[PDB]
>>> print(open('data-v8.cif').read())   # mmCIF, C-alpha atoms
data_entry
loop_
_atom_site.label_atom_id
_atom_site.label_comp_id
_atom_site.auth_asym_id
_atom_site.auth_seq_id
_atom_site.Cartn_x
_atom_site.Cartn_y
_atom_site.Cartn_z
CA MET A 1 90.02 118.35 143.77
CA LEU A 2 90.71 114.84 142.36
CA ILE A 3 91.58 111.84 144.63
CA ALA A 4 92.50 108.48 143.11
CA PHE A 5 92.53 105.11 144.93
CA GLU A 6 94.71 102.48 143.21
CA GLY A 7 95.76 98.94 144.04
CA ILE A 8 95.18 95.27 143.41
CA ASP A 9 92.03 93.32 144.09
CA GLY A 10 91.36 92.67 147.77
CA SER A 11 93.29 95.76 148.85
CA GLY A 12 90.03 97.22 150.26
CA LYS A 13 90.30 100.28 148.01
CA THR A 14 86.57 100.23 147.13
CA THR A 15 85.62 100.05 150.80
CA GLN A 16 87.99 102.90 151.57
CA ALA A 17 86.82 105.19 148.70
CA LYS A 18 83.19 104.70 149.88
CA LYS A 19 84.53 105.48 153.36
CA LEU A 20 86.23 108.67 152.21
CA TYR A 21 83.17 109.61 150.14
CA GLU A 22 80.77 109.53 153.20
CA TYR A 23 83.26 111.28 155.41
CA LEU A 24 83.98 114.27 153.07
CA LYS A 25 80.20 114.64 152.52
CA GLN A 26 79.66 114.89 156.27
CA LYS A 27 82.44 117.58 156.39
CA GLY A 28 80.34 119.56 153.85
CA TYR A 29 82.25 118.91 150.60
CA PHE A 30 80.31 118.21 147.43
CA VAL A 31 81.51 114.77 146.38
CA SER A 32 81.47 112.31 143.55
CA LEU A 33 82.55 108.70 143.54
CA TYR A 34 83.27 106.78 140.37
CA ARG A 35 84.72 103.37 139.65
CA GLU A 36 86.95 102.38 136.68
CA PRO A 37 85.93 100.79 134.44
CA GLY A 38 82.39 102.13 134.84
CA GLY A 39 80.75 105.23 136.28
CA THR A 40 78.77 106.08 133.16
CA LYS A 41 76.04 104.28 131.14
CA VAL A 42 78.56 103.44 128.45
CA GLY A 43 81.36 102.70 130.96
CA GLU A 44 79.18 100.10 132.69
CA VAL A 45 78.31 98.37 129.43
CA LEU A 46 82.08 98.10 128.73
CA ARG A 47 82.81 96.90 132.25
CA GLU A 48 80.36 94.05 131.83
CA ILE A 49 82.14 93.18 128.55
CA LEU A 50 85.56 93.24 130.29
CA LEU A 51 84.21 90.93 133.05
CA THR A 52 82.26 88.68 130.61
CA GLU A 53 84.42 87.92 127.56
CA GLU A 54 87.62 86.21 126.52
CA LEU A 55 89.56 89.34 125.43
CA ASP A 56 93.15 89.78 124.36
CA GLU A 57 95.27 92.37 126.17
CA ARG A 58 95.21 94.98 123.39
CA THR A 59 91.46 94.95 123.08
CA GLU A 60 91.11 95.02 126.85
CA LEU A 61 93.34 98.09 127.09
CA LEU A 62 91.37 99.96 124.43
CA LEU A 63 88.14 99.30 126.29
CA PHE A 64 89.63 100.40 129.74
CA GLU A 65 90.72 103.57 128.00
CA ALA A 66 87.26 104.06 126.32
CA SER A 67 85.50 103.76 129.62
CA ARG A 68 87.98 106.27 131.01
CA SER A 69 87.49 108.58 128.10
CA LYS A 70 83.78 108.47 128.79
CA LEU A 71 84.10 109.07 132.44
CA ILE A 72 86.48 112.00 132.04
CA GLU A 73 84.38 113.85 129.47
CA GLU A 74 80.92 113.06 130.82
CA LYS A 75 81.50 113.40 134.61
CA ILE A 76 84.99 114.25 135.87
CA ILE A 77 85.81 117.43 133.98
CA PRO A 78 82.37 119.01 134.71
CA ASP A 79 82.51 117.81 138.43
CA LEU A 80 85.94 119.38 138.76
CA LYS A 81 84.74 122.60 137.18
CA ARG A 82 82.07 123.05 139.88
CA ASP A 83 84.56 122.25 142.64
CA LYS A 84 83.24 118.79 143.51
CA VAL A 85 85.75 116.56 145.22
CA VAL A 86 86.03 113.63 142.77
CA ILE A 87 86.96 110.23 144.16
CA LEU A 88 88.08 107.38 141.86
CA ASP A 89 88.05 103.66 142.67
CA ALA A 90 90.92 102.95 140.21
CA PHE A 91 92.58 105.20 137.65
CA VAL A 92 95.60 105.52 135.33
CA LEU A 93 98.21 103.67 137.36
CA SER A 94 96.15 100.55 137.31
CA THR A 95 96.06 100.36 133.50
CA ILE A 96 99.89 100.56 133.52
CA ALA A 97 100.20 97.96 136.31
CA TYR A 98 97.65 95.44 134.91
CA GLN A 99 98.21 95.76 131.10
CA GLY A 100 101.89 96.80 131.11
CA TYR A 101 103.61 95.19 134.12
CA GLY A 102 101.13 92.33 134.15
CA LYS A 103 100.43 91.47 130.53
CA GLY A 104 103.55 92.84 128.84
CA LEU A 105 102.32 95.82 126.77
CA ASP A 106 104.51 98.86 126.45
CA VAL A 107 104.39 101.14 129.48
CA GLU A 108 105.22 104.33 127.54
CA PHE A 109 102.42 103.55 125.15
CA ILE A 110 99.96 102.91 127.95
CA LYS A 111 100.96 106.28 129.52
CA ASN A 112 100.30 108.20 126.28
CA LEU A 113 96.97 106.53 125.90
CA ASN A 114 96.15 107.52 129.55
CA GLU A 115 97.05 111.12 128.67
CA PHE A 116 94.66 110.98 125.64
CA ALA A 117 91.74 109.57 127.62
CA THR A 118 92.13 111.98 130.45
CA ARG A 119 92.87 115.05 128.32
CA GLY A 120 95.86 115.59 130.63
CA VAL A 121 93.75 115.61 133.82
CA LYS A 122 95.88 114.24 136.71
CA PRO A 123 95.00 113.53 140.39
CA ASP A 124 96.04 116.02 143.06
CA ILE A 125 96.95 112.90 145.06
CA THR A 126 96.97 109.16 144.42
CA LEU A 127 96.52 106.73 147.27
CA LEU A 128 98.13 103.39 146.52
CA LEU A 129 96.58 100.81 148.84
CA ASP A 130 99.50 98.31 148.82
CA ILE A 131 99.12 94.80 150.24
CA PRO A 132 100.89 91.50 149.86
CA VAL A 133 99.23 89.26 147.22
CA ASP A 134 99.15 86.49 149.93
CA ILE A 135 96.91 88.68 152.14
CA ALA A 136 94.78 90.00 149.26
CA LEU A 137 94.04 86.44 148.12
CA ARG A 138 93.07 85.39 151.68
CA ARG A 139 90.61 88.31 151.85
CA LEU A 140 89.18 87.48 148.39
CA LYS A 141 89.00 83.77 149.36
CA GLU A 142 86.26 84.81 151.88
CA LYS A 143 84.08 86.30 149.10
CA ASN A 144 85.02 83.16 147.05
CA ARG A 145 87.03 85.18 144.49
CA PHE A 146 90.10 83.26 143.37
CA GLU A 147 92.78 85.09 141.43
CA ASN A 148 96.15 84.37 139.95
CA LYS A 149 99.01 84.80 142.39
CA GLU A 150 101.79 84.75 139.76
CA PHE A 151 100.02 87.55 137.89
CA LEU A 152 99.16 89.81 140.83
CA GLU A 153 102.82 89.58 142.03
CA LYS A 154 103.89 91.34 138.84
CA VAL A 155 101.07 93.88 139.16
CA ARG A 156 101.93 94.67 142.77
CA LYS A 157 105.54 95.30 141.66
CA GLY A 158 104.37 97.61 138.89
CA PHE A 159 102.11 99.57 141.26
CA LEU A 160 105.01 99.87 143.73
CA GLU A 161 107.37 100.87 140.90
CA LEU A 162 104.92 103.55 139.75
CA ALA A 163 104.71 105.05 143.30
CA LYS A 164 108.50 105.79 143.24
CA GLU A 165 108.64 107.21 139.75
CA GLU A 166 105.15 108.77 139.00
CA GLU A 167 104.04 112.08 140.59
CA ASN A 168 101.96 112.64 143.80
CA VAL A 169 101.72 109.06 144.99
CA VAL A 170 101.46 107.99 148.64
CA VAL A 171 101.77 104.31 149.45
CA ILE A 172 99.37 103.21 152.22
CA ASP A 173 99.70 99.91 154.06
CA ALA A 174 96.31 98.29 153.35
CA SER A 175 97.08 95.03 155.24
CA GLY A 176 96.00 96.94 158.37
CA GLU A 177 92.47 96.89 159.78
CA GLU A 178 89.76 99.08 158.24
CA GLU A 179 89.78 101.99 160.59
CA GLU A 180 93.60 102.08 160.75
CA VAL A 181 93.78 102.07 156.94
CA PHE A 182 91.26 104.98 156.86
CA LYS A 183 93.44 106.98 159.33
CA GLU A 184 96.55 106.44 157.15
CA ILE A 185 94.49 107.87 154.30
CA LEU A 186 93.06 110.86 156.09
CA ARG A 187 96.63 111.47 157.18
CA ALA A 188 97.83 111.28 153.56
CA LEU A 189 95.14 113.71 152.43
CA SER A 190 96.46 116.33 154.91
CA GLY A 191 98.46 117.06 151.72
CA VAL A 192 95.26 119.07 150.94
CA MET B 1 96.22 88.24 101.04
CA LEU B 2 94.48 91.26 102.51
CA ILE B 3 92.27 93.63 100.59
CA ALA B 4 90.77 96.79 102.10
CA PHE B 5 87.78 98.83 100.89
CA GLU B 6 87.73 102.42 102.15
CA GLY B 7 85.56 105.47 101.59
CA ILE B 8 82.72 107.66 102.80
CA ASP B 9 79.20 106.52 103.29
CA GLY B 10 77.18 105.98 100.06
CA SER B 11 80.39 105.22 98.12
CA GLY B 12 79.04 101.66 97.54
CA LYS B 13 82.03 100.10 99.19
CA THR B 14 79.91 97.53 101.02
CA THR B 15 78.15 96.42 97.85
CA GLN B 16 81.50 96.12 96.13
CA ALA B 17 83.24 94.11 98.84
CA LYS B 18 80.27 91.67 98.82
CA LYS B 19 80.73 91.68 95.02
CA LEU B 20 84.43 90.93 95.25
CA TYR B 21 83.78 88.32 97.91
CA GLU B 22 81.32 86.24 95.70
CA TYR B 23 83.58 86.55 92.66
CA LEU B 24 86.87 85.39 94.40
CA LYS B 25 84.97 82.50 95.99
CA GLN B 26 83.69 81.49 92.50
CA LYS B 27 87.36 81.65 91.29
CA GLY B 28 88.15 79.09 94.02
CA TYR B 29 89.88 81.38 96.66
CA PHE B 30 89.03 80.78 100.32
CA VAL B 31 87.65 84.11 101.33
CA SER B 32 86.48 86.07 104.40
CA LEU B 33 84.61 89.30 104.56
CA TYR B 34 84.54 91.54 107.54
CA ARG B 35 83.18 94.99 108.28
CA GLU B 36 84.64 97.61 110.59
CA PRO B 37 83.51 98.28 113.20
CA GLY B 38 82.08 94.80 113.74
CA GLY B 39 82.99 91.32 112.32
CA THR B 40 83.26 89.64 115.83
CA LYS B 41 80.75 89.11 118.61
CA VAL B 42 82.43 91.88 120.67
CA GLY B 43 82.95 94.17 117.63
CA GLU B 44 79.21 94.10 116.88
CA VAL B 45 78.31 95.04 120.47
CA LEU B 46 80.67 98.02 120.08
CA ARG B 47 79.33 98.94 116.66
CA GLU B 48 75.80 99.18 118.07
CA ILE B 49 77.24 101.40 120.86
CA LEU B 50 78.97 103.63 118.23
CA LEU B 51 75.66 103.86 116.29
CA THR B 52 73.45 104.26 119.39
CA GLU B 53 75.18 106.74 121.76
CA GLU B 54 76.18 110.36 122.10
CA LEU B 55 79.97 109.82 122.16
CA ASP B 56 82.84 112.24 122.12
CA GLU B 57 85.58 111.77 119.55
CA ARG B 58 88.22 110.39 121.83
CA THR B 59 85.90 107.73 123.14
CA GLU B 60 84.63 106.84 119.64
CA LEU B 61 88.23 106.40 118.41
CA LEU B 62 89.11 103.99 121.27
CA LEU B 63 86.00 101.91 120.52
CA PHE B 64 86.87 101.79 116.70
CA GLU B 65 90.35 100.74 117.69
CA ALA B 66 89.05 98.09 120.11
CA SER B 67 86.71 96.59 117.46
CA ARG B 68 89.65 96.50 115.15
CA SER B 69 91.93 94.94 117.69
CA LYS B 70 89.41 92.23 118.37
CA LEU B 71 89.00 91.66 114.61
CA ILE B 72 92.70 91.50 113.98
CA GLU B 73 93.40 88.89 116.64
CA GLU B 74 90.25 86.82 116.61
CA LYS B 75 89.87 86.55 112.73
CA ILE B 76 92.28 88.39 110.43
CA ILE B 77 95.58 87.02 111.64
CA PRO B 78 94.43 83.42 111.72
CA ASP B 79 92.61 83.81 108.28
CA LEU B 80 95.82 85.20 106.84
CA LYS B 81 97.82 82.35 108.26
CA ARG B 82 95.71 79.79 106.41
CA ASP B 83 95.92 81.76 103.15
CA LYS B 84 92.34 83.04 103.08
CA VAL B 85 91.83 86.16 101.00
CA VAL B 86 90.59 88.65 103.60
CA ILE B 87 88.36 91.41 102.51
CA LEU B 88 87.50 94.45 104.68
CA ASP B 89 84.56 96.83 104.41
CA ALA B 90 86.58 99.73 106.12
CA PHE B 91 90.01 99.80 107.76
CA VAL B 92 92.75 102.03 109.08
CA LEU B 93 92.49 104.85 106.59
CA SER B 94 89.01 105.52 107.59
CA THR B 95 89.78 106.05 111.33
CA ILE B 96 92.29 108.69 110.12
CA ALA B 97 89.81 110.32 107.79
CA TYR B 98 86.79 110.42 110.09
CA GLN B 99 88.56 111.00 113.54
CA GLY B 100 91.54 113.06 112.33
CA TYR B 101 90.57 115.02 109.20
CA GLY B 102 87.00 115.14 110.28
CA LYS B 103 86.87 115.55 114.04
CA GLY B 104 90.33 117.13 114.58
CA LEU B 105 92.35 114.49 116.51
CA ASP B 106 96.01 114.11 115.84
CA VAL B 107 96.78 112.04 112.74
CA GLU B 108 100.13 110.72 113.92
CA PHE B 109 98.42 109.54 117.08
CA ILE B 110 95.62 107.84 115.16
CA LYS B 111 98.28 106.08 112.99
CA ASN B 112 100.25 104.76 116.03
CA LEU B 113 97.05 103.55 117.55
CA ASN B 114 96.11 101.73 114.19
CA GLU B 115 99.55 100.05 114.31
CA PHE B 116 98.78 98.76 117.83
CA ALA B 117 95.33 97.45 116.99
CA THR B 118 96.72 95.84 113.83
CA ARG B 119 99.94 94.49 115.36
CA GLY B 120 101.49 96.03 112.27
CA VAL B 121 99.37 94.06 109.73
CA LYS B 122 98.85 96.20 106.55
CA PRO B 123 96.73 95.49 103.45
CA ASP B 124 98.53 94.26 100.30
CA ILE B 125 96.19 96.76 98.49
CA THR B 126 93.61 99.39 99.58
CA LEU B 127 90.79 100.37 97.21
CA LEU B 128 89.62 103.85 97.87
CA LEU B 129 86.11 104.13 96.50
CA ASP B 130 86.06 107.91 95.90
CA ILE B 131 82.92 109.85 95.20
CA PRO B 132 81.72 113.42 95.51
CA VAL B 133 79.79 114.09 98.68
CA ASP B 134 76.96 115.55 96.50
CA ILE B 135 76.56 112.14 94.84
CA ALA B 136 76.99 110.11 98.04
CA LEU B 137 74.26 112.14 99.78
CA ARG B 138 71.87 111.69 96.79
CA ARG B 139 72.53 107.91 97.02
CA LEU B 140 71.87 107.80 100.76
CA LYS B 141 68.86 110.07 100.36
CA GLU B 142 67.17 107.03 98.51
CA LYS B 143 67.68 104.83 101.65
CA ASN B 144 66.55 107.89 103.70
CA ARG B 145 70.00 108.32 105.33
CA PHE B 146 70.82 111.99 105.81
CA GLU B 147 74.36 112.97 106.63
CA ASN B 148 76.37 116.12 107.13
CA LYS B 149 77.82 117.57 103.95
CA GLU B 150 80.27 119.98 105.71
CA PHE B 151 81.71 116.98 107.56
CA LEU B 152 81.99 114.47 104.71
CA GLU B 153 83.76 117.13 102.66
CA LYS B 154 86.65 117.15 105.13
CA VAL B 155 86.62 113.35 105.33
CA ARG B 156 86.72 112.96 101.57
CA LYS B 157 89.70 115.29 101.44
CA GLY B 158 91.38 113.22 104.17
CA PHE B 159 90.82 109.97 102.27
CA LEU B 160 92.15 111.60 99.08
CA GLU B 161 95.19 113.04 100.90
CA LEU B 162 95.91 109.57 102.42
CA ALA B 163 95.90 107.89 98.93
CA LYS B 164 98.82 110.18 97.85
CA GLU B 165 100.84 109.80 101.02
CA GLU B 166 100.01 106.28 102.38
CA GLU B 167 101.19 103.07 100.76
CA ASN B 168 99.51 100.69 98.25
CA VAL B 169 96.42 102.83 97.66
CA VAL B 170 94.42 102.84 94.43
CA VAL B 171 91.72 105.48 93.98
CA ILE B 172 88.67 104.11 92.19
CA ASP B 173 85.97 106.37 90.79
CA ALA B 174 82.83 105.06 92.59
CA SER B 175 80.39 107.60 91.03
CA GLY B 176 80.19 105.20 88.10
CA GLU B 177 77.63 102.43 87.80
CA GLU B 178 77.97 99.22 89.76
CA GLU B 179 79.39 96.93 87.13
CA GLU B 180 81.83 99.59 85.86
CA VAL B 181 82.99 100.24 89.41
CA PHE B 182 83.43 96.45 89.83
CA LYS B 183 85.66 96.32 86.70
CA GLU B 184 87.78 99.26 87.88
CA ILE B 185 88.42 97.21 91.08
CA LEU B 186 89.18 93.91 89.34
CA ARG B 187 91.54 95.95 87.22
CA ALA B 188 93.15 97.46 90.35
CA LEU B 189 93.59 94.01 91.91
CA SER B 190 95.61 92.81 88.90
CA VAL B 192 97.93 90.58 92.62
CA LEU B 193 95.42 88.48 90.54
#
>>> encode(input="data-v8.cif", output="structure tokens")
Amino acid sequence: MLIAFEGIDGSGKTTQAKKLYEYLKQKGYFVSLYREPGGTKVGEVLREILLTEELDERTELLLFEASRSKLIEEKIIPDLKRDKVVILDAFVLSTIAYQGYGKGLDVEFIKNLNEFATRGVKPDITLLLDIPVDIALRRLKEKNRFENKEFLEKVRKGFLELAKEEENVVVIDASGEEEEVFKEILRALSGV
Amino acid sequence: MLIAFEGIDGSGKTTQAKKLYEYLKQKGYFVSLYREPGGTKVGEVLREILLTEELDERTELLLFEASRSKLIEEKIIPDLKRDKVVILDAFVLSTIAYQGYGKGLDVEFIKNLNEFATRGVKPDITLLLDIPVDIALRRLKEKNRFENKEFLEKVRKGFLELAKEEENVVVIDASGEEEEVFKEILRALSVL
């Protein structure tokens, strides 16, 4: 079973994946939680790079996909094999939304690269934690993270446009309060 | 002007690009020399990763492409703009030969990914420094590098098959002695 959280920064998706992780463990599932980029020794090194350096959009994309390629081959495919429930703090939609809708690279091309990195592995369900950029920035403003409104507006739109057109996506209102957001999610997972 | 050296390990291609670099500089060209993977701060960090870590083929290919992409944007395109002669110790044909003909990934896919990392920049000439694997392994045996014959045989074949089918490729016999190899190359470069 593979469960992907997706959405912009400040959407609480990390909080909510950690939430869903602890919950499913208490219900006696065997569970993994991985963040993208990251989740492996090599994936973390790349993540640091992607957070450190002045990188163009093409290079950035190739590194997101490398991290993903690592994650999929090292952890996800063997976790899935042994029936772990695998929870992802970010996955393929986000590459399309950030690097395609955001930074202008070809969406079809990003999709084929996502297929290559994943070896065709797709989530059973994707939770999009949608939120207005206005609200997300207010929430980030409290951790003193400042991010680009004009940019995140595009990325939001992409994420919303991928919900309509990509397969097995549920939009969740993440502007709600923590426990209400978690109940939307548990509701959405009644899917399986 | 862009000049690419390609070929298996122990083909001398590094020695020869350094050779060609010093020469063209002496003849009053403004010249750059860059190795792949590497040639940029980020590219070197990746190269170390590619030399350090147990990496699957899909991941390795994304990291080669990333190094490239960084190289192309940070250095090659602006060096080309100001009429530097740009010399490369490895380029696109090698990703095909190692990752496709060697490790079984789809060639057409490797090509489209090269095009992306290169923004469509192609060498005016590629020197393939061809050599039997037998010879190349003897030569590396004197630096105490040991590499996989069965593997390099495929890669050699790939490199040779690309010379026939890809554009602007000159095969150079690199089994010869240094100075004779250098004269083959200066002959091949006759855009003098």
>>> interface_residues(input="data-v8.cif", of="chain A", to="chain B", cutoff="6 Å", atoms="only C-alpha atoms", output="PyMOL selection string")
chain A and resi 59+62+66+69
>>> residues_around(input="data-v8.cif", residues="residue 178 (chain B)", least_positions_apart="6", cutoff="9 Å", atoms="all atoms listed in the file", output="ChimeraX atom specification")
/B:12,15-16
>>> atom_distance(input="data-v8.cif", atom1="CA of residue 99 (chain A)", atom2="CA of residue 53 (chain A)")
16.3 Å
>>> closest_residue(input="data-v8.cif", among="A:119, A:70, A:157, A:75", to="residue 96 (chain A)", atoms="all atoms listed in the file")
A:157
>>> resolve_selection(input="data-v8.cif", expression="the PyMOL selection byres ((chain B and resi 4-8) around 7)", output="JSON, numbers by chain")
{"B": [2, 3, 9, 10, 11, 13, 17, 87, 88, 89, 90, 91, 93, 94, 123, 125, 126, 127, 128, 129, 130, 156, 159]}
>>> axis_aligned_box(input="data-v8.cif", around="region 128-147 of chain A", padding_each_side="5 Å", output="lines of an AutoDock Vina configuration file")
center_x = 92.5
center_y = 93.3
center_z = 146.8
size_x = 26.8
size_y = 30.2
size_z = 20.7
>>> resolve_selection(input="data-v8.cif", expression="the PyMOL selection byres ((chain B and resi 184) around 12)", output="list in words")
residues 16, 20, 127, 128, 129, 130, 170, 171, 172, 173, 174, 175, 176, 177, 178, 179, 180, 181, 182, 183, 185, 186, 187, 188, 189 and 190 of chain B
>>> atom_distance(input="data-v8.cif", atom1="CA of residue 105 (chain B)", atom2="CA of residue 3 (chain A)")
28.3 Å
>>> residues_around(input="data-v8.cif", residues="region 178-188 of chain A", least_positions_apart="3", cutoff="8 Å", atoms="only C-alpha atoms", output="ChimeraX atom specification")
/A:16,19-20,127,170,172-175,191
>>> write_last_selection(input="data-v8.cif", atoms="C-alpha atoms", output="CSV table (one decimal), in the coordinates of the input")
chain,number,residue,atom,x,y,z
A,16,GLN,CA,88.0,102.9,151.6
A,19,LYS,CA,84.5,105.5,153.4
A,20,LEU,CA,86.2,108.7,152.2
A,127,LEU,CA,96.5,106.7,147.3
A,170,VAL,CA,101.5,108.0,148.6
A,172,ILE,CA,99.4,103.2,152.2
A,173,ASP,CA,99.7,99.9,154.1
A,174,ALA,CA,96.3,98.3,153.4
A,175,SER,CA,97.1,95.0,155.2
A,191,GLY,CA,98.5,117.1,151.7
>>> decode(input="data-v8.cif", residues="region 78-129 of chain A", atoms="C-alpha atoms", output="PDB file, in the first residue's frame")
ATOM      1  CA  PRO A  78      11.255  -3.639  -1.032  1.00  0.00           C
ATOM      2  CA  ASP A  79       8.853  -2.045   1.613  1.00  0.00           C
ATOM      3  CA  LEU A  80       5.951  -2.609  -0.751  1.00  0.00           C
ATOM      4  CA  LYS A  81       7.015  -6.188  -1.374  1.00  0.00           C
ATOM      5  CA  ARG A  82       6.756  -7.018   2.356  1.00  0.00           C
ATOM      6  CA  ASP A  83       3.372  -5.296   2.622  1.00  0.00           C
ATOM      7  CA  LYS A  84       4.537  -2.231   4.552  1.00  0.00           C
ATOM      8  CA  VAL A  85       2.257   0.760   4.224  1.00  0.00           C
ATOM      9  CA  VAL A  86       4.565   3.370   2.638  1.00  0.00           C
ATOM     10  CA  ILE A  87       3.860   7.028   3.338  1.00  0.00           C
ATOM     11  CA  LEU A  88       5.485   9.795   1.256  1.00  0.00           C
ATOM     12  CA  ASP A  89       5.909  13.450   2.258  1.00  0.00           C
ATOM     13  CA  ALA A  90       5.943  14.607  -1.408  1.00  0.00           C
ATOM     14  CA  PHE A  91       6.054  12.596  -4.625  1.00  0.00           C
ATOM     15  CA  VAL A  92       5.619  12.825  -8.414  1.00  0.00           C
ATOM     16  CA  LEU A  93       2.952  15.509  -8.620  1.00  0.00           C
ATOM     17  CA  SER A  94       5.164  17.953  -6.857  1.00  0.00           C
ATOM     18  CA  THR A  95       7.954  17.693  -9.441  1.00  0.00           C
ATOM     19  CA  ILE A  96       5.366  18.507 -12.151  1.00  0.00           C
ATOM     20  CA  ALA A  97       3.871  21.389 -10.126  1.00  0.00           C
ATOM     21  CA  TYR A  98       7.196  22.987  -9.022  1.00  0.00           C
ATOM     22  CA  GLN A  99       9.429  22.399 -12.125  1.00  0.00           C
ATOM     23  CA  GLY A 100       6.722  22.367 -14.831  1.00  0.00           C
ATOM     24  CA  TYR A 101       3.888  24.696 -13.747  1.00  0.00           C
ATOM     25  CA  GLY A 102       6.247  26.789 -11.665  1.00  0.00           C
ATOM     26  CA  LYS A 103       9.487  27.038 -13.612  1.00  0.00           C
ATOM     27  CA  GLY A 104       8.268  26.351 -17.143  1.00  0.00           C
ATOM     28  CA  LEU A 105       9.756  22.944 -18.066  1.00  0.00           C
ATOM     29  CA  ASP A 106       7.742  20.561 -20.170  1.00  0.00           C
ATOM     30  CA  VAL A 107       5.098  18.681 -18.217  1.00  0.00           C
ATOM     31  CA  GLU A 108       5.075  15.631 -20.518  1.00  0.00           C
ATOM     32  CA  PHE A 109       8.814  15.381 -20.135  1.00  0.00           C
ATOM     33  CA  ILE A 110       8.629  15.660 -16.357  1.00  0.00           C
ATOM     34  CA  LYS A 111       5.981  12.858 -16.348  1.00  0.00           C
ATOM     35  CA  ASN A 112       8.203  10.489 -18.365  1.00  0.00           C
ATOM     36  CA  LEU A 113      11.097  11.175 -16.097  1.00  0.00           C
ATOM     37  CA  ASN A 114       8.810  10.412 -13.077  1.00  0.00           C
ATOM     38  CA  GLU A 115       7.896   7.099 -14.722  1.00  0.00           C
ATOM     39  CA  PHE A 116      11.644   6.276 -15.153  1.00  0.00           C
ATOM     40  CA  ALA A 117      12.541   7.083 -11.543  1.00  0.00           C
ATOM     41  CA  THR A 118       9.658   5.188 -10.105  1.00  0.00           C
ATOM     42  CA  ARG A 119       9.868   2.203 -12.465  1.00  0.00           C
ATOM     43  CA  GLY A 120       6.134   2.722 -13.010  1.00  0.00           C
ATOM     44  CA  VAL A 121       5.271   2.504  -9.293  1.00  0.00           C
ATOM     45  CA  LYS A 122       2.186   4.696  -8.623  1.00  0.00           C
ATOM     46  CA  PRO A 123       0.352   5.546  -5.339  1.00  0.00           C
ATOM     47  CA  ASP A 124      -2.861   3.729  -4.483  1.00  0.00           C
ATOM     48  CA  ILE A 125      -4.056   7.175  -3.372  1.00  0.00           C
ATOM     49  CA  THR A 126      -2.647  10.699  -3.417  1.00  0.00           C
ATOM     50  CA  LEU A 127      -3.721  13.230  -0.832  1.00  0.00           C
ATOM     51  CA  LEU A 128      -3.378  16.769  -2.121  1.00  0.00           C
ATOM     52  CA  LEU A 129      -3.317  19.093   0.887  1.00  0.00           C
TER      53      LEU A 129
END
